[PDB]
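To keep things clear, I will list the structure first and then write my remarks on it.
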18 protein chains.
Amino acid sequence: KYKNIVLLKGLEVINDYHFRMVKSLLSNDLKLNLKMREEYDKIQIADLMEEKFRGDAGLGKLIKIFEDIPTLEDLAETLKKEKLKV
Amino acid sequence: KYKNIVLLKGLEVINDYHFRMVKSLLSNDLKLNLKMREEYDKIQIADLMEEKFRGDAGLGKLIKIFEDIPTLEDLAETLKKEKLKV
Amino acid sequence: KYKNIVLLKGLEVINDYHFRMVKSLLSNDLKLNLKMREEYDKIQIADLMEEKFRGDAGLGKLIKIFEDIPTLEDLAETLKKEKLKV
Amino acid sequence: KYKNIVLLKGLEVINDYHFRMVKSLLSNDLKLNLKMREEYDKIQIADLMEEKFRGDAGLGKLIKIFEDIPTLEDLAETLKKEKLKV
Amino acid sequence: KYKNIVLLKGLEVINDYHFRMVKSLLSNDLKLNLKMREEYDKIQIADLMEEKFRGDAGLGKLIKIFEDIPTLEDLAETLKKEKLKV
Amino acid sequence: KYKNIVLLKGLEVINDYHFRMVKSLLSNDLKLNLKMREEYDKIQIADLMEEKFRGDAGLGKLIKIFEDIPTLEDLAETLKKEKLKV
Amino acid sequence: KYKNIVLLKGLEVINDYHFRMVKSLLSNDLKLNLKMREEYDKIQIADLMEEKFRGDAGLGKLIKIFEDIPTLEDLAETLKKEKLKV
Amino acid sequence: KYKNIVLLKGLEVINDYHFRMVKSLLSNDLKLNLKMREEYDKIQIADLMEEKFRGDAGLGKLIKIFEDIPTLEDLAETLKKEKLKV
Amino acid sequence: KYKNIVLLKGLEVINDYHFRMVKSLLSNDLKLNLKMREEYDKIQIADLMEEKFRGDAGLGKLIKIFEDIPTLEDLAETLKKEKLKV
Amino acid sequence: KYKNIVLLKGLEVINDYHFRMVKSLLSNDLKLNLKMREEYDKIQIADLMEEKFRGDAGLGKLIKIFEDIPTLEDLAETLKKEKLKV
Amino acid sequence: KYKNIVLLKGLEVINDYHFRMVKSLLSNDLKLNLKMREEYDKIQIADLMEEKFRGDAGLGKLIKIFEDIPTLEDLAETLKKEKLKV
Amino acid sequence: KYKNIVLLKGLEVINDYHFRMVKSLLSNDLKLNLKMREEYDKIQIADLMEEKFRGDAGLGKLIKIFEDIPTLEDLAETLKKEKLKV
Amino acid sequence: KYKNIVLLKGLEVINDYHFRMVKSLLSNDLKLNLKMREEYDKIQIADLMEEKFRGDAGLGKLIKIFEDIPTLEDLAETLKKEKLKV
Amino acid sequence: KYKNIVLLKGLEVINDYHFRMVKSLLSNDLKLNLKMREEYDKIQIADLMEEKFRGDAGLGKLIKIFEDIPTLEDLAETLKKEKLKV
Amino acid sequence: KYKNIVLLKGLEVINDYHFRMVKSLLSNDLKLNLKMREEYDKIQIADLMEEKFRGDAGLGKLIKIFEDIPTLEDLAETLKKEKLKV
Amino acid sequence: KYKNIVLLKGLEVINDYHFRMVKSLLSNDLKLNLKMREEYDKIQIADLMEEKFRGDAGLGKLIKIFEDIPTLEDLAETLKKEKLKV
Amino acid sequence: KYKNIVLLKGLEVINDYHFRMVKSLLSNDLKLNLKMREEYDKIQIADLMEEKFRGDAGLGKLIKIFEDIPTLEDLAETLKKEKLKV
Amino acid sequence: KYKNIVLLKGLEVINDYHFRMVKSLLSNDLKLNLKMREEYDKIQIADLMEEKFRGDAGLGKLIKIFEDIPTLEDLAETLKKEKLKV
């Protein structure tokens, strides 16, 4: 149920600019070309995360990204709490 | 008559974005491959839920999914009320 | 003459998507297997309803199905008026 | 001569889908069992209508059937004109 | 010679379905019971026409039937041409 | 005179399929072997029924057979009318 | 020797269906009643042909009949060749 | 009288598709070769079943077949009722 | 004894369609005219095989025909086994 | 007495088609020419079998022929029972 | 032998759609009227082609037809190989 | 050989959507009523065009139809080239 | 030839959104029910126009509809030119 | 023709944001659930307006809504002029 | 009784798409040519499997086919249970 | 068993867009005309692959196609694993 | 194999906005009407390039288009490298 | 090729505000309503301009507009150079 956390409590609590920043930061880690960089959305990004990051469905890397963003530090802590719960 | 709740008062009220959300979230619990991710519509998704979630026709898991969606919290409460009525 | 209403003023007025909805929702009430889900058309479905719903030829159950569909509320009212007439 | 109109200008102008639908709608009025619904063609259906509807060879009930069919409304009017002619 | 036209250029140019339809339409005009409806072939039907339609051996009524058959309109014209030839 | 009804207005009105059907259904009641069931025509069948069914010359059992055959229900009614006439 | 062509190379080559065609078409030309049309075989038909058609033993009319039969056009040509030989 | 039911109420009430399926499913129990599989009709199939299933004229096995046929479950129940009547 | 195989295990096991192919493909080898092509039945055809194929009563050519028919390949193998037995 | 079984319980129980089968298959064993093939009836065939098959009056070979006929296997068993009876 | 290729490896390998296409394309070359287009099966069609195309029993024209059908190009090549073999 | 081009390089190369468009556009020129519009396939449509457009078997009119279709301009040019070749 | 203009130069040039607009605006003038709005494609919509708008096959009303759509003003002018030509 | 004004001169002159505002303001008056808020386009909205606002096809309420929006006051005046014209 | 499971509980439950899948996948294992792929229905396919897969009447290979189909996994499990029962 | 992999683990896991890509890229390698582009489904496409790519049943070319599609890289690896297994 | 480059390394790497730009720029060189401007996706557009730009399947013109797009200069260089490779 | 210059070297280089001023200044010359003021992007604007400014695809008036903008004077000179080149 790691995809539930990364999709509901993750990419869908942050705004569009932060989602674009997350996509750009994980473009190399998900092999996102030009089309996927601007066309893919939160559902498709989470599905690709699960497909390529089966260990934790990309929750760890999402938390690491959210740590560096000052606006999303609280959300990173919440995601850490969710991961500890599950 | 649970599938009449998950299909009429459930997947149909939600827009296409939230339906894709649900399909992605329930992909592991419904064994949806790449084709079923984008091809199956609400009728076939509800039928597959009834086939694989015979205990509650997927209504409980749909309500749990809708709880974490800020937009569909009211719909989750309505589905809870419908389930209690049935 | 109840099958006349449920066929010509019923399934024949709704599109293929709503017809698939009706076939799925009445699957338990008509014992439709996988083949009947994707092969039976409006004529066969109406005949099967009349066979298994001899009390009202499935017109009433179709009416409750159409009530929950926001698009077919007017058709549900029309079917109610037709049932009252006959 | 009524059977000439109900066959040549009737069942033989409408397609197979409408022919099956007519056969279903007249199953109770013609006592068609499972074999007759899926086996009888337009010739034998017209003959049975003439046998069991000697008043008008089934032309009138065919016209009332065609009235509710939006596609065959023009053919219903043509059948009315033919009946008025004869 | 009129029986030559109705049997050679007539009932034997049309297929079995059209021959059955002709037999059904002329059932009242030839007093065909159940047996003769599906047992008499083209030879016996033409003989019965000549027996009961001695004015024209049924050629006129066969042409009238063929006129309403869109598939056999050309054959109706050919039969008319042959009749005016003889 | 019951032979006249059962032959002229009976077996001679039904087609070959229904005659073979009657022969099969009356095989036990007429002790028809392999040769008789396949080779005997309507005349010999009526004569044998008169010989073995002297109470009503087989008219009652033929009517009972014709009752259950939907194509021959009208002929069964006609045979009943003939029986009450005679 | 005209009987040999019309019989051995004529009616004895066509099947029973085409022979019944020939018997029916020449019923007026041979004065064949109900029994003669349905009982006479090819030998007696050829004998009656010679009896009533002394000019050519019925070969010319048989060829004319075979001309209009599409299946027997080759046989008609063969009969023409035999007549030219004789 | 068991054959009197399996023919009127059985193989003839079902369509040709179901009759062929019945013939295939009873091929081993009736020793039907290649010819008899698609040459034997309902009358001959019923006669063969009565010959080889003298205990119940094949009514029990026909009911067992009809049961697993979703379309013919009602006919199976009717056959059970008729057997109990006999 | 070879006629016992070509008839009982040969033409009498195949249906009417396969028998018509057999009669057809052997028209040149059996000098079958228009009449014999659709009049001769299995007994007469087998007798003609024995008359004109004294070497093996036509069993070899029948097996060769059955080889190219995919439906009757098993029957061809059975005929080969019977020939090796005798 | 063996002639009684082969005639009364034998050839006279099978139909004309199977009788022609028997005549053709026994043509070599009975020296049946062209005339005897389609002129000798069951009485004459049984008499010739008794004249030529004095060991068992042809009962054994008739049973062997009936074994290969799927329709007459039951009659072959009956003839075997009669032979062991006598 | 050219019939063997055109029938067993020819019209009988293609489905009913392609067979109707062939009958249609050969209607002018075989003089098939309205009846023969919708009634003639593969046996009678092949016999007619041999009768009218004695040079190669219509194998060349069938191969030319099959060339233009993309689905039957492999079958056309196989027929060419068979023709070169024979 | 004009029907060969219109059926092979014509209607068979275009998809079902374009075939339905062609059938609709030629409905007035072919007198296609309601049944033929949704029932006739490419083989029967080509035969009807040849019957009613004997000057060019409908190839020219098909070319003019294909000219206005942007997808089938290349096929229209190919059909023009084929017509110039023949 | 007005339907050739309204279809090829009309509905087939506009995209799906404008086609749905044409269907919706002409719903009252064509009596399109709920099914017909979401099911009928350009071929069937044009055929229905020609059936119900025999004066100009619906070209005038299509042009009037296209006038108010800013995107399709050029197509409206082109259709006006086509109508003036025809 | 009120649907023509509300669609072509109405929702299609306003941009996407104003259309969303119109949909949100008429959510209660049209019973639009969450799916219809974000999925229904101008064609579907106009059709629903005609279905539920048959008095003026929603033109009056659309004009009232446009009055409150300063950007669309000119469009509201134009729609008033169009309503006065029709 | 293995053919009972593979037919009634097997191919008759799947829709036409999955049946075509089964026919294509078993083409090499059943030697189905071009005609057999597009013409055989469930009855004749089941008969062919029983003929060629005598070890398990094709039930095992059908189960392995149904395993890889995500839609028919439940049907594969049901067929496994049926095989274990028998 | 290569066609099993290319169908069940190949085209049946990818959606309609990827399947249209597949058919498109291999149009030259499969000689798919305009009809085959939009009509052939996965079963017919896989059958044509096996017919024209007997070396690997089209599995290898499908793998090279899936390699270039970023969404189907995992499925390409799975197909490579399946090929290595078989 | 140039369609593979223009489709996989080309139009599918670019986002939807750049694909619309490419469709616009190649509209004159591909004769794209109003429908194809907004309806044709990447598969259809690449196929149209192959049909109309057989020299290089439109790869050269696509590269020229990508040169003027600052975002897609790297993709233009990659396409040049692919063309040099193939 | 004037559209390539106006779209790539023109509207694609200027930012959003300059493009909005270009759309506002060209609104009268392009007949853009309220929706087209904001919704239309550079691709659609360039298309429209080609449609209505066929003399130079809008390059001349775009250059004239860019002349008055001090920021885009260099781009205006570059567009003049491109026009002179082409």
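Here's how to read the names in the structure tokens: chain A, B, ... by the order shown, residue numbers from 1 in each chain, ligand numbers from 1 in the order shown.
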- Item | Near-residue 39 of chain R list (8 Å; only C-alpha atoms; drop same-chain fewer than 4 positions) as a PyMOL selection string | (chain N and resi 15-16) or (chain R and resi 35)
Could you save the residues just selected, with N, CA and C atoms, as a PDB file, in the first residue's frame?
```pdb
ATOM      1  N   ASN N  15     -14.947  32.125 -22.986  1.00  0.00           N
ATOM      2  CA  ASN N  15     -13.773  31.280 -22.844  1.00  0.00           C
ATOM      3  C   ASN N  15     -14.034  30.160 -21.836  1.00  0.00           C
ATOM      4  N   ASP N  16     -12.992  29.371 -21.562  1.00  0.00           N
ATOM      5  CA  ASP N  16     -13.142  28.209 -20.691  1.00  0.00           C
ATOM      6  C   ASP N  16     -13.481  28.611 -19.261  1.00  0.00           C
TER       7      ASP N  16
ATOM      8  N   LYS R  35     -13.687  34.024 -26.777  1.00  0.00           N
ATOM      9  CA  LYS R  35     -13.006  32.759 -26.520  1.00  0.00           C
ATOM     10  C   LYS R  35     -11.653  32.705 -27.218  1.00  0.00           C
TER      11      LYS R  35
END
```
- Item | Spatial neighbours of residue 24 of chain Q, 8 Å, only C-alpha atoms, chain gap at least 5 places, as a list in words | residues 37 of chain Q; 43 and 47 of chain R
Residue subset to file, keeping N, CA and C atoms, as an mmCIF file, in the first residue's frame:
```
data_model
loop_
_atom_site.group_PDB
_atom_site.id
_atom_site.type_symbol
_atom_site.label_atom_id
_atom_site.label_comp_id
_atom_site.auth_asym_id
_atom_site.auth_seq_id
_atom_site.Cartn_x
_atom_site.Cartn_y
_atom_site.Cartn_z
ATOM 1 N N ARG Q 37 -6.537 18.093 -38.409
ATOM 2 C CA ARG Q 37 -5.742 19.009 -37.598
ATOM 3 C C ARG Q 37 -5.799 18.632 -36.124
ATOM 4 N N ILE R 43 0.073 28.038 -32.231
ATOM 5 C CA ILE R 43 -0.160 27.121 -33.346
ATOM 6 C C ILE R 43 -1.480 27.442 -34.036
ATOM 7 N N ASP R 47 -2.159 28.998 -37.785
ATOM 8 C CA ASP R 47 -3.025 28.343 -38.744
ATOM 9 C C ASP R 47 -4.062 29.336 -39.223
#
```
Write out as a PDB file with N, CA and C atoms, in the first residue's frame each polymer residue whose atoms come within 10 Å of segment 63-70 of chain P, counting only C-alpha atoms; drop sequence neighbours fewer than 2 positions from it.
```pdb
ATOM      1  N   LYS A  31      13.558   7.778 -16.093  1.00  0.00           N
ATOM      2  CA  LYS A  31      13.730   7.795 -17.545  1.00  0.00           C
ATOM      3  C   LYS A  31      12.549   8.495 -18.222  1.00  0.00           C
ATOM      4  N   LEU A  32      12.380   9.760 -17.846  1.00  0.00           N
ATOM      5  CA  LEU A  32      11.319  10.609 -18.376  1.00  0.00           C
ATOM      6  C   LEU A  32      11.905  11.486 -19.474  1.00  0.00           C
ATOM      7  N   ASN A  33      11.483  11.247 -20.712  1.00  0.00           N
ATOM      8  CA  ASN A  33      11.890  12.099 -21.816  1.00  0.00           C
ATOM      9  C   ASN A  33      11.035  13.364 -21.843  1.00  0.00           C
ATOM     10  N   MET A  36       7.033  12.825 -21.436  1.00  0.00           N
ATOM     11  CA  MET A  36       6.623  12.504 -20.075  1.00  0.00           C
ATOM     12  C   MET A  36       6.896  13.633 -19.091  1.00  0.00           C
TER      13      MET A  36
ATOM     14  N   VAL P   6       3.683 -14.048 -27.966  1.00  0.00           N
ATOM     15  CA  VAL P   6       3.485 -12.799 -28.695  1.00  0.00           C
ATOM     16  C   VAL P   6       2.057 -12.288 -28.558  1.00  0.00           C
ATOM     17  N   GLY P  10       2.096 -10.419 -25.036  1.00  0.00           N
ATOM     18  CA  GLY P  10       2.463  -9.339 -25.926  1.00  0.00           C
ATOM     19  C   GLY P  10       1.342  -8.349 -26.162  1.00  0.00           C
ATOM     20  N   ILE P  14      -0.608  -4.770 -23.787  1.00  0.00           N
ATOM     21  CA  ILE P  14      -0.548  -3.382 -24.228  1.00  0.00           C
ATOM     22  C   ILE P  14      -1.947  -2.901 -24.593  1.00  0.00           C
ATOM     23  N   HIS P  18      -0.783   1.412 -28.013  1.00  0.00           N
ATOM     24  CA  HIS P  18       0.419   0.636 -28.297  1.00  0.00           C
ATOM     25  C   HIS P  18       0.158  -0.407 -29.378  1.00  0.00           C
ATOM     26  N   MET P  21       0.264   1.329 -32.629  1.00  0.00           N
ATOM     27  CA  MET P  21       1.673   1.516 -32.968  1.00  0.00           C
ATOM     28  C   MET P  21       2.275   0.246 -33.555  1.00  0.00           C
ATOM     29  N   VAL P  22       2.025  -0.889 -32.910  1.00  0.00           N
ATOM     30  CA  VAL P  22       2.586  -2.150 -33.377  1.00  0.00           C
ATOM     31  C   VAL P  22       2.146  -2.421 -34.799  1.00  0.00           C
ATOM     32  N   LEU P  25       3.903   0.046 -37.233  1.00  0.00           N
ATOM     33  CA  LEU P  25       5.320  -0.134 -37.526  1.00  0.00           C
ATOM     34  C   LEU P  25       5.574  -1.354 -38.401  1.00  0.00           C
ATOM     35  N   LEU P  26       4.825  -2.431 -38.189  1.00  0.00           N
ATOM     36  CA  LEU P  26       4.997  -3.656 -38.955  1.00  0.00           C
ATOM     37  C   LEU P  26       4.061  -3.739 -40.151  1.00  0.00           C
ATOM     38  N   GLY P  58       7.015 -13.585 -34.964  1.00  0.00           N
ATOM     39  CA  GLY P  58       6.950 -12.156 -34.750  1.00  0.00           C
ATOM     40  C   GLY P  58       7.325 -11.696 -33.361  1.00  0.00           C
ATOM     41  N   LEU P  59       7.744 -12.608 -32.481  1.00  0.00           N
ATOM     42  CA  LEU P  59       8.092 -12.215 -31.120  1.00  0.00           C
ATOM     43  C   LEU P  59       9.307 -11.295 -31.100  1.00  0.00           C
ATOM     44  N   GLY P  60      10.332 -11.609 -31.894  1.00  0.00           N
ATOM     45  CA  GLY P  60      11.547 -10.807 -31.866  1.00  0.00           C
ATOM     46  C   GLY P  60      11.317  -9.382 -32.329  1.00  0.00           C
ATOM     47  N   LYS P  61      10.612  -9.221 -33.450  1.00  0.00           N
ATOM     48  CA  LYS P  61      10.318  -7.880 -33.940  1.00  0.00           C
ATOM     49  C   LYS P  61       9.423  -7.120 -32.973  1.00  0.00           C
ATOM     50  N   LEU P  72       6.744   0.524 -22.515  1.00  0.00           N
ATOM     51  CA  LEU P  72       6.720  -0.927 -22.635  1.00  0.00           C
ATOM     52  C   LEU P  72       8.103  -1.557 -22.493  1.00  0.00           C
ATOM     53  N   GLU P  73       9.053  -0.859 -21.867  1.00  0.00           N
ATOM     54  CA  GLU P  73      10.374  -1.447 -21.658  1.00  0.00           C
ATOM     55  C   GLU P  73      10.304  -2.659 -20.736  1.00  0.00           C
ATOM     56  N   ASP P  74       9.508  -2.567 -19.668  1.00  0.00           N
ATOM     57  CA  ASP P  74       9.352  -3.701 -18.763  1.00  0.00           C
ATOM     58  C   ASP P  74       8.726  -4.891 -19.477  1.00  0.00           C
ATOM     59  N   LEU P  75       7.724  -4.637 -20.323  1.00  0.00           N
ATOM     60  CA  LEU P  75       7.121  -5.724 -21.084  1.00  0.00           C
ATOM     61  C   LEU P  75       8.092  -6.301 -22.106  1.00  0.00           C
ATOM     62  N   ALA P  76       8.963  -5.468 -22.680  1.00  0.00           N
ATOM     63  CA  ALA P  76       9.992  -5.984 -23.577  1.00  0.00           C
ATOM     64  C   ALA P  76      10.946  -6.912 -22.837  1.00  0.00           C
ATOM     65  N   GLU P  77      11.354  -6.525 -21.627  1.00  0.00           N
ATOM     66  CA  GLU P  77      12.203  -7.403 -20.824  1.00  0.00           C
ATOM     67  C   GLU P  77      11.478  -8.698 -20.472  1.00  0.00           C
ATOM     68  N   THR P  78      10.187  -8.605 -20.145  1.00  0.00           N
ATOM     69  CA  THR P  78       9.409  -9.802 -19.842  1.00  0.00           C
ATOM     70  C   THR P  78       9.315 -10.723 -21.054  1.00  0.00           C
ATOM     71  N   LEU P  79       9.127 -10.150 -22.244  1.00  0.00           N
ATOM     72  CA  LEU P  79       9.078 -10.956 -23.460  1.00  0.00           C
ATOM     73  C   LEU P  79      10.429 -11.596 -23.753  1.00  0.00           C
ATOM     74  N   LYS P  80      11.523 -10.875 -23.489  1.00  0.00           N
ATOM     75  CA  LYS P  80      12.846 -11.477 -23.624  1.00  0.00           C
ATOM     76  C   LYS P  80      13.008 -12.658 -22.678  1.00  0.00           C
ATOM     77  N   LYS P  83      10.993 -15.575 -24.060  1.00  0.00           N
ATOM     78  CA  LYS P  83      11.674 -16.196 -25.191  1.00  0.00           C
ATOM     79  C   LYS P  83      12.857 -17.037 -24.728  1.00  0.00           C
TER      80      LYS P  83
ATOM     81  N   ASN Q   4       9.842   3.800 -38.210  1.00  0.00           N
ATOM     82  CA  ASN Q   4      10.145   3.493 -36.823  1.00  0.00           C
ATOM     83  C   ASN Q   4      10.857   4.668 -36.168  1.00  0.00           C
ATOM     84  N   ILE Q   5      11.748   5.328 -36.893  1.00  0.00           N
ATOM     85  CA  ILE Q   5      12.455   6.463 -36.337  1.00  0.00           C
ATOM     86  C   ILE Q   5      11.517   7.621 -36.167  1.00  0.00           C
ATOM     87  N   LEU Q   7       8.460   7.726 -35.738  1.00  0.00           N
ATOM     88  CA  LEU Q   7       7.371   7.476 -34.802  1.00  0.00           C
ATOM     89  C   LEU Q   7       7.873   7.257 -33.379  1.00  0.00           C
ATOM     90  N   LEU Q   8       8.977   6.526 -33.222  1.00  0.00           N
ATOM     91  CA  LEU Q   8       9.454   6.181 -31.887  1.00  0.00           C
ATOM     92  C   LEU Q   8      10.431   7.221 -31.354  1.00  0.00           C
ATOM     93  N   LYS Q   9      11.482   7.520 -32.112  1.00  0.00           N
ATOM     94  CA  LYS Q   9      12.424   8.563 -31.732  1.00  0.00           C
ATOM     95  C   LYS Q   9      11.951   9.954 -32.126  1.00  0.00           C
ATOM     96  N   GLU Q  12       6.808  10.737 -30.795  1.00  0.00           N
ATOM     97  CA  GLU Q  12       6.410  10.227 -29.488  1.00  0.00           C
ATOM     98  C   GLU Q  12       7.316  10.724 -28.387  1.00  0.00           C
ATOM     99  N   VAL Q  13       8.433  11.326 -28.756  1.00  0.00           N
ATOM    100  CA  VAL Q  13       9.316  11.897 -27.763  1.00  0.00           C
ATOM    101  C   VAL Q  13       8.832  13.296 -27.466  1.00  0.00           C
TER     102      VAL Q  13
END
```
- Query: Separation of atom CA of residue 3 of chain C and atom CA of residue 57 of chain C, in Å?
  - Reply: 5.6 Å
- Could you jot down the atom CA of residue 42 of chain C to atom CA of residue 11 of chain C separation for me, Å, one decimal place? 6.0 Å
- Query: What gap, in Å, lies between atom CA of residue 48 of chain K and atom CA of residue 20 of chain K?
  - Reply: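 Atom-to-atom, atom CA of residue 48 of chain K to atom CA of residue 20 of chain K, that is 15.0 Å.
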